[PDB]
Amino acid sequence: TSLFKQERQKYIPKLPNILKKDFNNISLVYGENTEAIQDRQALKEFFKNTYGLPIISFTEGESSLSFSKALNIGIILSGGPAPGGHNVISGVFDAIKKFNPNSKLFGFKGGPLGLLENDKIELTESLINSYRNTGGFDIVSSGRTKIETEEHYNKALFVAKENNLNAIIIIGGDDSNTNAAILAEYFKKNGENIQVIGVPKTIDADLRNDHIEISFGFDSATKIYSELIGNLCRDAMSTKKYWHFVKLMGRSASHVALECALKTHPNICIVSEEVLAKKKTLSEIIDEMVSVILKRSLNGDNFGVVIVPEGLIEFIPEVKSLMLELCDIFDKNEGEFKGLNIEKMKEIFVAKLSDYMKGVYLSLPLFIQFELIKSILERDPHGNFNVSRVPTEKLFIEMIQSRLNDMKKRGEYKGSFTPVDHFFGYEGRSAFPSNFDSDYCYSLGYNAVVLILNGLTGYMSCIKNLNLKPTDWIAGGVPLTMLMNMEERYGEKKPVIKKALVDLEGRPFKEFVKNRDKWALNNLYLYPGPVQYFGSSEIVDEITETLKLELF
């Protein structure tokens, strides 16, 4: 397309030294016998044929392989895009073609649904070439259909068989890596010989553990967000008149928010996990932001930058309690709402709420009051709600203006508060991957094929030592069951892999805690650049602050 794209296309991703060796010269080294996180008992029931598989690692030396004929592989992309997905695919292609030039790669379109519907294309050399080192999932598009029913699982197998597949690779987050486990068990249960391999994808870093150091895409997304946030800090510093509020996409955790904070040194950054842990109130959050603004104003600084995660309102205990009460006032007094008008029925809630929750409700902006009513009036069959109708940054902005307007009227705020809001997310997830994600993703995909060539199913492709140069990285496999627990929902116990949230005892969070009061009151902004793909190795192979601190 652009000159950038053609040049980037020519980049050769860097492999672990071992993945460079011939396939006959790569030996399995078996590990222990893994166990689940919890419900170690019931996970032996559900996953009879797959459980307690050892962790796999790879070392040099002679080995015999499970194939000699050409392989056929199906590949699925599920969920939202992450920079480097296309490199997982280029790595798989390059690996099967090295093994046997007659091997074929089939890309199922628009998620797992493509497999159910036999909606696919053959990825050929010239096709693959155009996608090398590119952003996007647009080689085959993604979706998020789950394979659940017996009718579904049988079609998956049907389509797999009529396409002569030896294996399926699924690239996705927590939920598709869980699904990958059950498909692997399903094939093995019905005596079929199709292997399933999982690959760890998410720009939000909510898939990770002792074995998976990071998910793919998080490096590239945070670099883009931090460049944009650093640029806003520099603009704020230059004109000294605007408070920029930046919401970042992803409602599950503060991994992205925390990393951008470490990259840019903003004046304020809110961590959802901490808000939940310290049980902070809405007014406490507001008090704390207002106090930073006033103090800066007294230093003569009528500007600053705030970072908030998208899922923040769902981490305020007080808000859920207010919500659970309002719809209890709705589930009871059903006939009283006929028939009603809202604004008229608002004062019904206002008169019926408990003293303190009425104070919380009325503290909100008026449009927010109404959006909570609408949230209840639209609960799913199981009666549960979500607060998606309330935008975190805009809620905070209005409440802050209000507090400050009152203070000005009684003469305790001389400064000027002019807010500008920003929401980033879509422009970071289909960006060109950094060298790190390019190397990492290419490695994961290449490694997936080695796992398949050794007969393995139910494994997640895994590359460790990610803080070191790629030649020094270590390749292997993690069994999918060991990451699981049983989640109970509506009388049922389905297997799950739980979201990894920010560890409030981790080095990243502790680093942030150590320095945040200093960043708040002073102007110690750091200005990261755009992602570089040419120049010295330490610029082009820079990793996240997160990974740097966590490992070491």
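All residue numbers are counted from 1 along the displayed sequence.
In this entry, the higher average B-factor at the C-alpha atoms falls on 363 to 371, of the pair 285 to 293 and 363 to 371. Judged by mean Cα B factor in the deposited record, 205 to 213 ranks above the other of 205 to 213 and 169 to 177.
Note on 408, 97, 265, 223: the highest value goes to 408, judged by CA B factor as recorded. Set against one another, the Cα B-factors of 227, 398, 439, 185 in the record reach their highest point at 185.
Residue 349 sits in the highest third of its chain by CA B factor, as recorded in the PDB entry. In this PDB entry, residue 125 carries a Cα temperature factor that places it within the lowest third of its chain's modelled residues. For residue 418, the recorded CA temperature factor ranks within the lowest third of the chain's modelled residues. When the modelled residues of the chain are ordered by their C-alpha B factor, residue 150 lands in the highest third. Among all modelled residues in this chain, the alpha-carbon of residue 258 has a temperature factor (C-alpha) in the lowest third.
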